[PDB]
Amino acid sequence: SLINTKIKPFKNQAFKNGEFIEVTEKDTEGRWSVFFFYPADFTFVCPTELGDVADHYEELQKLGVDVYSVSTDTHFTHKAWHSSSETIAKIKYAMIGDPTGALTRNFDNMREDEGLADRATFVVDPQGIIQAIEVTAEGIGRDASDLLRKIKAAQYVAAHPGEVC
């Protein structure tokens, strides 16, 4: 896996709280980042995973953690899904559009025969190193709580290196 490797440069358009912005790796430098990948906007499954993360967003920002959800849809589609779904509407973090599939391929998370990203979550530290990876098949939910636990644990480890036992 990509565990313990440095993220790659990227440049994508995103939808964030009613506005379109540009996100690059420069924007992640010096902060804790979560790249949350999912297959596609507007499908028939409920966005509970994305919603669960939105429910814990405020707490994640306290920890200084930025969140970026990613799918191969465009940021335009994201804006429309954001105003058509009650759950998605709760999202205040950036929703990156990756139509070229480059961000998704950077994380080796592309299903090439579908052109859609897999259900993968990556935790990245301030130096751009992946400290936690979680991948799941459809129906096996990614728990935002366990995600918070891992991040706190990863932040703890960075402050207290070599934790003897």
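Note that residue numbering follows the sequence shown and begins at 1.
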- Message: On mean Cα temperature factor in this entry, is 54-62 or 103-111 the higher one?
- Response: 54-62
- Item | Higher-B stretch (mean Cα B-factor, as the entry records it), 45-53 or 31-39 | 45-53
- CA B-factor ranking of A80, expressed as a third of its chain: highest
- Ranked C-alpha temperature factor of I3 among modelled chain residues, by third: lowest
